[PDB]
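Student: To start, I am sharing the structure in question, which I have written as structure tokens.
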Amino acid sequence: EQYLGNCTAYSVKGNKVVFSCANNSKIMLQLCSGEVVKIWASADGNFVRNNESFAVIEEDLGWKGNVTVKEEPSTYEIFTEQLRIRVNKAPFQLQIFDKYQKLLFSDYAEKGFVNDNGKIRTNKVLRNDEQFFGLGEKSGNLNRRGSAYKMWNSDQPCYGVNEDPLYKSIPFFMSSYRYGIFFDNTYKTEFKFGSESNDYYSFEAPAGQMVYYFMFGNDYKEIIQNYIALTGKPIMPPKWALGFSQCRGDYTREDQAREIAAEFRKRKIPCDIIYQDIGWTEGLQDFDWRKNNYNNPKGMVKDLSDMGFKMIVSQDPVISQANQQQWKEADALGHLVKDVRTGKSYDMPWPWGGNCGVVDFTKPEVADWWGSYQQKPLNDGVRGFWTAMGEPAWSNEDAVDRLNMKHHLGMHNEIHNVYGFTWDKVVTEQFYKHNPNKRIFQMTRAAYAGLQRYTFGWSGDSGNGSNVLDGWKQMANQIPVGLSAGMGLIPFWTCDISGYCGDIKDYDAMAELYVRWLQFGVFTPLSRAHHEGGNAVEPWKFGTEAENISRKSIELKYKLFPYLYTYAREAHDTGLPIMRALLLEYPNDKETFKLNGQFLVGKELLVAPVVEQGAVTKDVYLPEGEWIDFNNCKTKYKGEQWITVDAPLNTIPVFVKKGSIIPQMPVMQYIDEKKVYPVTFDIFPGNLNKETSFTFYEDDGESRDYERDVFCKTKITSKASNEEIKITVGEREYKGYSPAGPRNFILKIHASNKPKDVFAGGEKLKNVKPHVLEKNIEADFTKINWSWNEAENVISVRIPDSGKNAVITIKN
Ligand SMILES: OC[C@H]1O[C@H](OC[C@H]2O[C@H](OC[C@H]3O[C@H](O)[C@H](O)[C@@H](O)[C@@H]3O)[C@H](O)[C@@H](O)[C@@H]2O)[C@H](O)[C@@H](O)[C@@H]1O
């Protein structure tokens, strides 16, 4: 095996510096910004790759001018505003320090880059206290330190608590030393975080180029901001995607869709999306509504739409050979992935429809061809897709025959991990082309880094297939799977609520596990119940107790829509997931590295779902601050401690941070059932002299105008001083979208005692009964008054949403 060895010279080309080392080897450092360094180590010095990055869309992160290199007798030095770089000459070693000269990131000995006949590896010093997070949608504990992980998009049904690899490959990790690494290679990469030795960690590939990006941040938020500068801002879903969604393996019929739609509405269980699974289509993959299964598909979609339901349909990436018309068409056009042994279309087995052709979404002409096929259901009013089985399915590491696949852009060993990625990109591109100024809904199984530009995600076929009742630990692991997916830029994520696997032979016995799965599930952005085949898992199937609890779980998510939607926008702007590992908000608190049983939803809410069988309590770690029970709003706790709370079956432990302001809407059966509604702001005043706020984001929820910053925002501020609370409703920040109106705001200030008076500006407001404050809340927009509820300990202040600044002063 070959190392860089001694560096004899350097050359600068603008923001790029190339160091020449032993036997034609070279290494480039490229300053994308003061914080982000592109590093390319090359065994032969040529700096070419078979394919340019599929993930990186921007390398200019604002670096100005040339890289300045200072030569010393035994080292070279490069300074940026945030970094100090030391390059040892003999032998080549790269070391990166922060501006205070603390070491962040160092090559291990002489083995910083290792080449062995095309196998490429990077070895880095591993510090005793260095922890690691990320690598996308992967199982096990949040903290990756001590374990090894592989990138090979795999199809592992009913996967275990530690199964790896899974369906997606996002080679972006973060270190507790406050940098991220994105290893910009699509082959079967492997990451070993001290799993081989305590002295070093490594990342490697069997082929391709050693190209990786070092992304410094002063915290994890900055690292993620740097990552989306490189790989793109997340697209937002249509607003209605943040409701509740329902699926089943057999959701492939008009009669059943009509039956289920009616049942949801009759039982007043809110729901926005009815999915259809893969059997909806006449064959793989013609996008024709199966004739026996749908009498009037247009009518169905419209009738469901009139009831507030949107429909999302499945697609697989293959054409069945039995689908003779489409297969022959595809094969004759050269649109199928080839077999290098024959030069002909690769002959792929598939679990349904017989052997198939794998559609080559890396071939440019395939895009418009697929686009025209997939548009058919969209012309009937379907709102998007779930793209399943793009690993491709049935192509795990041991299925070595797949390596014979030859795609337009390369061989399968290179293209496997971007097969689904390039498919998903086509789906979204073609959607944009044929459906003007509309947000796509796409939710995918297989993916690569950068997916956030095109698609959302779900965690595939989870749960226990031998006995559905034994899936508790698998359900529990969906917490860190989802948080890790979030850190890998899947902010719009869900899992199969109930799991995918296991026949439900006894609905009474399954009720507890279902209820807990849904309680967790409603705090995932794309909350979707689904199950294999004919195993019905709608929220009323588990008896009345479970139904009532599940209705309430779902109702809580709907009430929180304006809160959640504000964080959906924040995902677009900053890359931060809605579901946040506590470490993202409390990076200095090392206890957060251990937390696999709880998470933040945005910044204000801490959710700690019960995921243990028979449990009626929950252990919860509270980070810095003070924390209030969001269910009752009365019980308060000090931060930086472990507590145990009562958590019976009907209860989700949720806490609100003291100081928070939470926008909410009334219960509705689907998003926008009421196109205009009063917005309540639940305000939990912070400590004396501490100003807090929430910026309530709104936009049209459907178009791409938000990508051009067409929206409005309303900032609500709270600040307590001596026997006084000031609540400010900020002047509406108008950027080309006017909110639904006219409407009222209700400021709901949580307080121990009824105050003396409440003022709006200089003017004293009228105290009235709760009933009077509530009267004509959706019809009269001229009343400004306040009320007290002693039972709830809440001051309500009614005020029209005029769009103007208003200062509400509460005299304690
Ligand atoms: O011809 C056999 C069969 O074909 C269709 O059903 C296929 C299949 O559909 C569901 O499973 C699809 C499944 O794909 C991946 O695993 C995803 O990850 C899952 O989310 C997704 O549900 C169903 O669950 C299976 O039971 C079913 O075999 C027709 O619909 C069938 O009528 C027909 O028998």
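Chain identifiers are assigned as A, B, and so on, following the order in which chains appear in the structure tokens; residues are numbered from 1 within each chain, and ligands are numbered from 1 in order of appearance.
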Given only C-alpha atoms and all ligand atoms, how would the per-residue table for chain A near ligand 1 read, listing every residue at most 10 Å away with its closest atom pair and distance in Å to one decimal, sorted by chain and number, as a Markdown table?
Tutor:
| residue | atom | partner | partner_atom_place_in_ligand_line | distance |
| --- | --- | --- | --- | --- |
| A:155 | CA | ligand 1 | 16 (O) | 8.5 |
| A:156 | CA | ligand 1 | 16 (O) | 9.6 |
| A:157 | CA | ligand 1 | 16 (O) | 7.5 |
| A:158 | CA | ligand 1 | 16 (O) | 9.9 |
| A:167 | CA | ligand 1 | 18 (O) | 9.7 |
| A:247 | CA | ligand 1 | 22 (O) | 8.2 |
| A:248 | CA | ligand 1 | 22 (O) | 6.5 |
| A:249 | CA | ligand 1 | 24 (O) | 3.3 |
| A:250 | CA | ligand 1 | 30 (O) | 5.7 |
| A:251 | CA | ligand 1 | 30 (O) | 7.8 |
| A:252 | CA | ligand 1 | 30 (O) | 6.2 |
| A:253 | CA | ligand 1 | 30 (O) | 9.1 |
| A:276 | CA | ligand 1 | 22 (O) | 9.2 |
| A:277 | CA | ligand 1 | 22 (O) | 6.0 |
| A:278 | CA | ligand 1 | 9 (O) | 5.5 |
| A:279 | CA | ligand 1 | 30 (O) | 3.4 |
| A:280 | CA | ligand 1 | 30 (O) | 6.7 |
| A:281 | CA | ligand 1 | 30 (O) | 8.6 |
| A:282 | CA | ligand 1 | 29 (C) | 9.6 |
| A:283 | CA | ligand 1 | 4 (O) | 9.2 |
| A:284 | CA | ligand 1 | 4 (O) | 9.8 |
| A:290 | CA | ligand 1 | 30 (O) | 9.8 |
| A:293 | CA | ligand 1 | 30 (O) | 9.8 |
| A:314 | CA | ligand 1 | 21 (C) | 8.4 |
| A:315 | CA | ligand 1 | 14 (O) | 9.5 |
| A:316 | CA | ligand 1 | 14 (O) | 8.5 |
| A:351 | CA | ligand 1 | 28 (O) | 7.7 |
| A:352 | CA | ligand 1 | 2 (C) | 4.9 |
| A:353 | CA | ligand 1 | 1 (O) | 5.7 |
| A:354 | CA | ligand 1 | 1 (O) | 8.6 |
| A:386 | CA | ligand 1 | 20 (O) | 8.9 |
| A:387 | CA | ligand 1 | 17 (C) | 8.9 |
| A:388 | CA | ligand 1 | 17 (C) | 5.7 |
| A:389 | CA | ligand 1 | 15 (C) | 6.2 |
| A:390 | CA | ligand 1 | 18 (O) | 9.7 |
| A:393 | CA | ligand 1 | 15 (C) | 8.6 |
| A:444 | CA | ligand 1 | 18 (O) | 9.2 |
| A:445 | CA | ligand 1 | 18 (O) | 6.8 |
| A:446 | CA | ligand 1 | 18 (O) | 9.6 |
| A:458 | CA | ligand 1 | 20 (O) | 8.9 |
| A:459 | CA | ligand 1 | 18 (O) | 8.4 |
| A:460 | CA | ligand 1 | 18 (O) | 4.8 |
| A:461 | CA | ligand 1 | 18 (O) | 5.2 |
| A:462 | CA | ligand 1 | 18 (O) | 8.8 |
| A:495 | CA | ligand 1 | 20 (O) | 9.9 |
| A:496 | CA | ligand 1 | 20 (O) | 7.9 |
| A:499 | CA | ligand 1 | 20 (O) | 9.6 |
| A:500 | CA | ligand 1 | 20 (O) | 6.8 |
| A:501 | CA | ligand 1 | 24 (O) | 9.0 |
| A:530 | CA | ligand 1 | 20 (O) | 7.3 |
| A:531 | CA | ligand 1 | 24 (O) | 6.7 |
| A:532 | CA | ligand 1 | 24 (O) | 3.8 |
| A:533 | CA | ligand 1 | 26 (O) | 3.6 |
| A:534 | CA | ligand 1 | 26 (O) | 7.1 |
| A:535 | CA | ligand 1 | 24 (O) | 8.7 |
Student: I'd like the contact shell of stretch 615-628 of chain A - 9 Å cut-off, only C-alpha atoms, skipping same-chain residues fewer than 2 positions apart - returned as a PyMOL selection string.
Tutor: chain A and resi 582+586+589+591-592+595+597-598+606+608-613+630-649+651+653-659+684+686
Student: Please dump the current selection as a tab-separated table (two decimals), in the first residue's frame; keep N, CA and C atoms.
Tutor:
chain	number	residue	atom	x	y	z
A	582	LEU	N	-31.14	16.42	20.83
A	582	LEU	CA	-30.84	17.48	21.78
A	582	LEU	C	-29.45	18.11	21.58
A	586	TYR	N	-28.09	21.85	22.33
A	586	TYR	CA	-27.31	21.90	23.56
A	586	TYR	C	-25.97	21.20	23.32
A	589	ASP	N	-23.60	20.13	26.22
A	589	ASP	CA	-24.09	19.17	27.20
A	589	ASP	C	-23.87	17.75	26.70
A	591	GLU	N	-24.26	14.92	28.02
A	591	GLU	CA	-25.32	13.96	28.33
A	591	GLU	C	-26.24	13.76	27.13
A	592	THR	N	-26.38	14.79	26.29
A	592	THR	CA	-27.26	14.70	25.11
A	592	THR	C	-26.77	13.67	24.07
A	595	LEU	N	-28.77	10.32	24.28
A	595	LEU	CA	-30.23	10.35	24.33
A	595	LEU	C	-30.86	9.76	23.07
A	597	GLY	N	-33.99	8.22	23.39
A	597	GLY	CA	-35.41	8.03	23.74
A	597	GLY	C	-36.24	9.28	23.75
A	598	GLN	N	-35.68	10.36	23.21
A	598	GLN	CA	-36.32	11.65	23.26
A	598	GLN	C	-35.66	12.59	22.26
A	606	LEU	N	-39.94	19.55	23.85
A	606	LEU	CA	-39.18	18.34	24.12
A	606	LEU	C	-40.18	17.20	24.19
A	608	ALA	N	-40.74	13.04	24.58
A	608	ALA	CA	-40.07	11.86	25.13
A	608	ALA	C	-41.07	10.71	25.10
A	609	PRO	N	-41.24	10.10	23.92
A	609	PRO	CA	-42.28	9.09	23.78
A	609	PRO	C	-41.98	7.82	24.56
A	610	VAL	N	-43.03	7.19	25.09
A	610	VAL	CA	-42.87	5.90	25.76
A	610	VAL	C	-42.72	4.84	24.67
A	611	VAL	N	-41.61	4.11	24.71
A	611	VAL	CA	-41.30	3.11	23.71
A	611	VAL	C	-40.89	1.78	24.34
A	612	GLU	N	-41.34	1.55	25.58
A	612	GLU	CA	-41.08	0.32	26.32
A	612	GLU	C	-42.40	-0.34	26.65
A	613	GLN	N	-42.48	-1.65	26.42
A	613	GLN	CA	-43.71	-2.40	26.61
A	613	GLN	C	-44.14	-2.42	28.07
A	630	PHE	N	-46.29	20.23	29.02
A	630	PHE	CA	-47.14	20.80	27.98
A	630	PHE	C	-48.57	20.22	27.99
A	631	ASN	N	-48.75	19.05	28.60
A	631	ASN	CA	-50.08	18.43	28.68
A	631	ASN	C	-50.96	19.20	29.65
A	632	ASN	N	-50.47	19.45	30.87
A	632	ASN	CA	-51.22	20.24	31.85
A	632	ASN	C	-50.87	21.76	31.93
A	633	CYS	N	-49.60	22.11	31.65
A	633	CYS	CA	-49.03	23.50	31.72
A	633	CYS	C	-48.81	24.07	33.11
A	634	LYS	N	-48.93	23.21	34.11
A	634	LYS	CA	-48.86	23.59	35.50
A	634	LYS	C	-47.52	23.15	36.07
A	635	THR	N	-47.18	21.86	35.92
A	635	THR	CA	-45.97	21.29	36.51
A	635	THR	C	-44.73	21.85	35.84
A	636	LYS	N	-43.78	22.28	36.66
A	636	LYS	CA	-42.57	22.90	36.18
A	636	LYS	C	-41.34	22.22	36.76
A	637	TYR	N	-40.28	22.12	35.96
A	637	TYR	CA	-39.05	21.45	36.37
A	637	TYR	C	-37.82	22.30	36.07
A	638	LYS	N	-36.82	22.17	36.93
A	638	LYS	CA	-35.50	22.72	36.67
A	638	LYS	C	-34.78	21.88	35.62
A	639	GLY	N	-33.91	22.53	34.85
A	639	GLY	CA	-33.12	21.86	33.83
A	639	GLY	C	-31.86	21.19	34.33
A	640	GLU	N	-31.15	20.61	33.38
A	640	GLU	CA	-29.94	19.82	33.60
A	640	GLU	C	-30.13	18.74	34.65
A	641	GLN	N	-31.19	17.94	34.47
A	641	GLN	CA	-31.43	16.80	35.33
A	641	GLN	C	-32.28	15.71	34.64
A	642	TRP	N	-32.11	14.49	35.12
A	642	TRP	CA	-33.00	13.38	34.82
A	642	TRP	C	-34.19	13.40	35.78
A	643	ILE	N	-35.38	13.24	35.22
A	643	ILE	CA	-36.62	13.08	35.96
A	643	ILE	C	-37.34	11.83	35.47
A	644	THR	N	-38.29	11.38	36.28
A	644	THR	CA	-39.21	10.31	35.90
A	644	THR	C	-40.60	10.87	36.03
A	645	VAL	N	-41.41	10.74	34.97
A	645	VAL	CA	-42.77	11.29	34.93
A	645	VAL	C	-43.76	10.16	34.68
A	646	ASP	N	-44.99	10.35	35.15
A	646	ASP	CA	-46.08	9.42	34.88
A	646	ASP	C	-46.43	9.56	33.40
A	647	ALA	N	-46.58	8.42	32.74
A	647	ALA	CA	-46.85	8.38	31.30
A	647	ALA	C	-47.70	7.16	31.00
A	648	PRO	N	-48.97	7.19	31.43
A	648	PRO	CA	-49.87	6.09	31.11
A	648	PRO	C	-50.15	6.03	29.62
A	649	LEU	N	-50.88	5.00	29.19
A	649	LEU	CA	-51.08	4.76	27.77
A	649	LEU	C	-51.66	5.95	27.00
A	651	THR	N	-50.97	9.01	27.34
A	651	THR	CA	-50.11	10.18	27.55
A	651	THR	C	-48.83	10.09	26.73
A	653	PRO	N	-45.34	12.17	26.93
A	653	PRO	CA	-44.58	13.20	27.66
A	653	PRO	C	-44.01	14.24	26.71
A	654	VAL	N	-44.56	15.45	26.83
A	654	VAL	CA	-44.14	16.61	26.07
A	654	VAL	C	-43.89	17.75	27.04
A	655	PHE	N	-42.78	18.46	26.85
A	655	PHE	CA	-42.42	19.59	27.71
A	655	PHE	C	-42.20	20.80	26.84
A	656	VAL	N	-42.55	21.96	27.38
A	656	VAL	CA	-42.34	23.25	26.72
A	656	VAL	C	-41.31	24.04	27.51
A	657	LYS	N	-40.36	24.64	26.80
A	657	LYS	CA	-39.30	25.38	27.47
A	657	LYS	C	-39.86	26.68	28.01
A	658	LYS	N	-39.51	27.00	29.26
A	658	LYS	CA	-39.93	28.27	29.82
A	658	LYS	C	-39.37	29.41	28.96
A	659	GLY	N	-40.25	30.35	28.61
A	659	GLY	CA	-39.92	31.41	27.65
A	659	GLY	C	-40.55	31.24	26.28
A	684	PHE	N	-45.40	31.22	27.58
A	684	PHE	CA	-44.86	30.79	28.86
A	684	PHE	C	-43.73	31.76	29.20
A	686	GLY	N	-40.63	33.90	30.16
A	686	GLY	CA	-39.31	33.56	30.67
A	686	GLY	C	-39.02	34.29	31.98
Student: List the spatial neighbours of stretch 367-378 of chain A as a ChimeraX atom specification - criterion: any atom at most 10 Å away, only C-alpha atoms, same-chain residues fewer than 4 positions off excluded.
Tutor: /A:281,285-289,297-298,301,311-313,315,317,330,335,359-363,382-385,422-423,425-435
Student: If you measure from atom CA of residue A:794 to atom CA of residue A:723, what distance in Å do you get, rounded to one decimal?
Tutor: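 Taking atom CA of residue A:794 as the start and atom CA of residue A:723 as the end point, the length is 16.4 Å.
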Student: Just the residues within 9 Å of residue A:321, please, counting only C-alpha atoms, with nothing from its chain fewer than 3 positions along; format it as a PDB file with N, CA, C and O atoms, in the first residue's frame.
Tutor:
ATOM      1  N   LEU A 284     -46.005  -2.668 -13.821  1.00  0.00           N
ATOM      2  CA  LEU A 284     -44.775  -1.929 -13.612  1.00  0.00           C
ATOM      3  C   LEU A 284     -44.237  -1.537 -14.991  1.00  0.00           C
ATOM      4  O   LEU A 284     -43.941  -2.423 -15.796  1.00  0.00           O
ATOM      5  N   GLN A 324     -45.452  -6.209 -21.740  1.00  0.00           N
ATOM      6  CA  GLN A 324     -44.695  -6.369 -22.980  1.00  0.00           C
ATOM      7  C   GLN A 324     -44.575  -5.079 -23.753  1.00  0.00           C
ATOM      8  O   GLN A 324     -43.504  -4.770 -24.234  1.00  0.00           O
ATOM      9  N   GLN A 325     -45.675  -4.336 -23.849  1.00  0.00           N
ATOM     10  CA  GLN A 325     -45.714  -3.079 -24.592  1.00  0.00           C
ATOM     11  C   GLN A 325     -44.640  -2.093 -24.066  1.00  0.00           C
ATOM     12  O   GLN A 325     -43.824  -1.575 -24.842  1.00  0.00           O
ATOM     13  N   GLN A 326     -44.635  -1.845 -22.753  1.00  0.00           N
ATOM     14  CA  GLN A 326     -43.689  -0.872 -22.175  1.00  0.00           C
ATOM     15  C   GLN A 326     -42.247  -1.384 -22.121  1.00  0.00           C
ATOM     16  O   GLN A 326     -41.302  -0.612 -22.298  1.00  0.00           O
ATOM     17  N   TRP A 327     -42.071  -2.673 -21.845  1.00  0.00           N
ATOM     18  CA  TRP A 327     -40.732  -3.250 -21.781  1.00  0.00           C
ATOM     19  C   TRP A 327     -40.078  -3.164 -23.166  1.00  0.00           C
ATOM     20  O   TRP A 327     -38.932  -2.710 -23.299  1.00  0.00           O
ATOM     21  N   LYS A 328     -40.802  -3.624 -24.192  1.00  0.00           N
ATOM     22  CA  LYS A 328     -40.295  -3.570 -25.561  1.00  0.00           C
ATOM     23  C   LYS A 328     -39.948  -2.151 -25.981  1.00  0.00           C
ATOM     24  O   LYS A 328     -38.880  -1.929 -26.550  1.00  0.00           O
ATOM     25  N   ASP A 347     -31.245  -8.388 -16.967  1.00  0.00           N
ATOM     26  CA  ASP A 347     -32.371  -9.226 -16.626  1.00  0.00           C
ATOM     27  C   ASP A 347     -32.503  -9.323 -15.094  1.00  0.00           C
ATOM     28  O   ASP A 347     -31.811 -10.110 -14.445  1.00  0.00           O
ATOM     29  N   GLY A 353     -44.591  -9.203 -10.509  1.00  0.00           N
ATOM     30  CA  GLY A 353     -44.661  -8.878 -11.935  1.00  0.00           C
ATOM     31  C   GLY A 353     -43.678  -9.616 -12.825  1.00  0.00           C
ATOM     32  O   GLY A 353     -43.715  -9.429 -14.053  1.00  0.00           O
ATOM     33  N   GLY A 354     -42.832 -10.464 -12.227  1.00  0.00           N
ATOM     34  CA  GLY A 354     -41.828 -11.268 -12.943  1.00  0.00           C
ATOM     35  C   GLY A 354     -40.521 -10.522 -13.094  1.00  0.00           C
ATOM     36  O   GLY A 354     -40.356  -9.418 -12.537  1.00  0.00           O
ATOM     37  N   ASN A 355     -39.597 -11.099 -13.863  1.00  0.00           N
ATOM     38  CA  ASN A 355     -38.340 -10.426 -14.161  1.00  0.00           C
ATOM     39  C   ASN A 355     -38.621  -9.111 -14.922  1.00  0.00           C
ATOM     40  O   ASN A 355     -39.664  -8.955 -15.587  1.00  0.00           O
ATOM     41  N   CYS A 356     -37.688  -8.177 -14.791  1.00  0.00           N
ATOM     42  CA  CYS A 356     -37.916  -6.786 -15.204  1.00  0.00           C
ATOM     43  C   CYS A 356     -36.677  -6.140 -15.795  1.00  0.00           C
ATOM     44  O   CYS A 356     -35.589  -6.656 -15.678  1.00  0.00           O
ATOM     45  N   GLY A 357     -36.894  -5.005 -16.456  1.00  0.00           N
ATOM     46  CA  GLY A 357     -35.830  -4.109 -16.871  1.00  0.00           C
ATOM     47  C   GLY A 357     -35.718  -3.003 -15.831  1.00  0.00           C
ATOM     48  O   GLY A 357     -36.739  -2.509 -15.365  1.00  0.00           O
TER      49      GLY A 357
END
Student: Work out how far atom CA of residue A:203 is from atom CA of residue A:149, in Å to one decimal.
Tutor: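 Straight-line distance from atom CA of residue A:149 to atom CA of residue A:203 works out to 9.5 Å.
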Student: Using only C-alpha atoms, what table do you get, as a tab-separated table, when you list each residue of stretch 209-280 of chain A with an atom no more than 12 Å from stretch 691-708 of chain A, its nearest pair of atoms, and their distance in Å rounded to one decimal, rows by chain then rising number?
Tutor:
residue	atom	partner	partner_atom	distance
A:232	CA	A:707	CA	11.9
A:233	CA	A:707	CA	9.3
A:234	CA	A:707	CA	10.0
A:235	CA	A:707	CA	8.1
A:236	CA	A:706	CA	8.7
A:237	CA	A:701	CA	8.0
A:238	CA	A:702	CA	5.0
A:239	CA	A:701	CA	4.7
A:240	CA	A:701	CA	7.8
A:241	CA	A:701	CA	9.8
A:242	CA	A:701	CA	10.7
Student: Take the residues from that selection and put them in a file with C-alpha atoms, as a CSV table (one decimal), in the first residue's frame.
Tutor:
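Result saved to again-v7.csv:
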chain,number,residue,atom,x,y,z
A,232,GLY,CA,-28.8,22.5,-1.4
A,233,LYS,CA,-31.7,23.9,0.6
A,234,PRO,CA,-34.4,21.4,1.5
A,235,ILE,CA,-37.6,21.8,-0.6
A,236,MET,CA,-40.7,22.2,1.6
A,237,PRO,CA,-43.6,19.9,1.2
A,238,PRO,CA,-47.1,21.2,0.5
A,239,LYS,CA,-48.5,22.4,3.8
A,240,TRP,CA,-51.0,19.5,4.0
A,241,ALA,CA,-48.2,16.9,4.1
A,242,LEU,CA,-47.8,17.9,7.8
Student: With only C-alpha atoms as the counted atoms, please give the residues lying no more than 7 Å from stretch 476-490 of chain A, apart from itself and same-chain residues fewer than 5 positions off, as an mmCIF file with C-alpha atoms, in the first residue's frame.
Tutor:
data_model
loop_
_atom_site.group_PDB
_atom_site.id
_atom_site.type_symbol
_atom_site.label_atom_id
_atom_site.label_comp_id
_atom_site.auth_asym_id
_atom_site.auth_seq_id
_atom_site.Cartn_x
_atom_site.Cartn_y
_atom_site.Cartn_z
ATOM 1 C CA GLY A 134 -24.873 11.127 11.407
ATOM 2 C CA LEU A 135 -24.280 9.100 8.255
ATOM 3 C CA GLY A 136 -27.957 9.570 7.473
ATOM 4 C CA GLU A 137 -30.699 7.013 7.914
ATOM 5 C CA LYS A 138 -28.943 4.325 9.938
ATOM 6 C CA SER A 139 -29.789 2.211 12.968
ATOM 7 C CA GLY A 140 -28.314 1.784 16.460
ATOM 8 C CA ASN A 141 -27.389 4.482 18.914
ATOM 9 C CA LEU A 142 -27.168 8.144 17.839
ATOM 10 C CA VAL A 161 -32.024 -2.522 15.916
ATOM 11 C CA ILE A 170 -25.672 9.960 3.048
ATOM 12 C CA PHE A 172 -22.040 13.147 6.012
ATOM 13 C CA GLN A 452 -33.254 17.156 0.090
ATOM 14 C CA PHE A 456 -38.542 13.548 1.449
ATOM 15 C CA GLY A 457 -37.983 10.147 3.072
ATOM 16 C CA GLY A 575 -31.005 22.708 6.988
ATOM 17 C CA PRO A 577 -34.489 19.064 10.875
ATOM 18 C CA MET A 579 -36.947 16.418 14.761
ATOM 19 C CA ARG A 580 -33.800 17.525 16.594
ATOM 20 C CA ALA A 581 -31.389 15.457 18.610
ATOM 21 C CA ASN A 596 -31.954 7.814 22.075
ATOM 22 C CA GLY A 597 -35.405 8.031 23.736
ATOM 23 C CA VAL A 611 -41.299 3.111 23.706
#
Student: Rounded to one decimal in Å, what is the spacing between atom CA of residue A:90 and atom CA of residue A:106?
Tutor: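 Atom CA of residue A:106 lies 14.8 Å from atom CA of residue A:90.
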Student: Please list as a PyMOL selection string every residue within 10 Å of residue A:545, counting only C-alpha atoms and excluding residues in the same chain fewer than 6 positions away.
Tutor: chain A and resi 511-512+515+649-650
Student: Among stretch 151-342 of chain A, which residues carry a DSSP assignment of helix (DSSP H, G or I), reported as a PyMOL selection string?
Tutor: chain A and resi 220-231+239-242+254-266+278-280+297-306+324-333
Student: Which residue, A:117, A:231, A:226, A:11, has the smallest gap to residue A:43 when you use only C-alpha atoms?
Tutor: A:117
Student: Where in stretch 203-420 of chain A does DSSP assign strand (DSSP E), given as an NGL selection string?
Tutor: :A and (203-205 or 210-216 or 245-246 or 273-276 or 310-315 or 318-320 or 338-339 or 356-358 or 384-387 or 405-407 or 410-411)
Student: For residue A:513, find every residue with an atom within 12 Å (counting only C-alpha atoms), except residues of its own chain fewer than 5 positions away, and show them as an MDAnalysis selection string.
Tutor: chainID A and resid 463:464 468:476 497:499 504 506:508 518:521 537 542 546 550 609:615 649
Student: Kindly assemble as JSON lines a list of the stretch 70-150 of chain A residues that lie within 8 Å of stretch 3-8 of chain A, each paired with its nearest atom pair and their distance in Å to one decimal, using only C-alpha atoms, sorted first by chain and then by ascending residue number.
Tutor:
{"residue": "A:89", "atom": "CA", "partner": "A:7", "partner_atom": "CA", "distance": 5.0}
{"residue": "A:90", "atom": "CA", "partner": "A:6", "partner_atom": "CA", "distance": 4.4}
{"residue": "A:91", "atom": "CA", "partner": "A:6", "partner_atom": "CA", "distance": 4.1}
{"residue": "A:92", "atom": "CA", "partner": "A:6", "partner_atom": "CA", "distance": 5.4}
{"residue": "A:110", "atom": "CA", "partner": "A:5", "partner_atom": "CA", "distance": 6.8}
{"residue": "A:111", "atom": "CA", "partner": "A:3", "partner_atom": "CA", "distance": 6.0}
{"residue": "A:112", "atom": "CA", "partner": "A:3", "partner_atom": "CA", "distance": 7.6}
{"residue": "A:113", "atom": "CA", "partner": "A:3", "partner_atom": "CA", "distance": 5.8}
{"residue": "A:114", "atom": "CA", "partner": "A:3", "partner_atom": "CA", "distance": 5.0}
{"residue": "A:115", "atom": "CA", "partner": "A:3", "partner_atom": "CA", "distance": 6.6}
Student: Considering only C-alpha atoms, state which residue in the set A:403, A:747, A:661, A:270 is at the smallest distance from residue A:558.
Tutor: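 Closest candidate: A:270.
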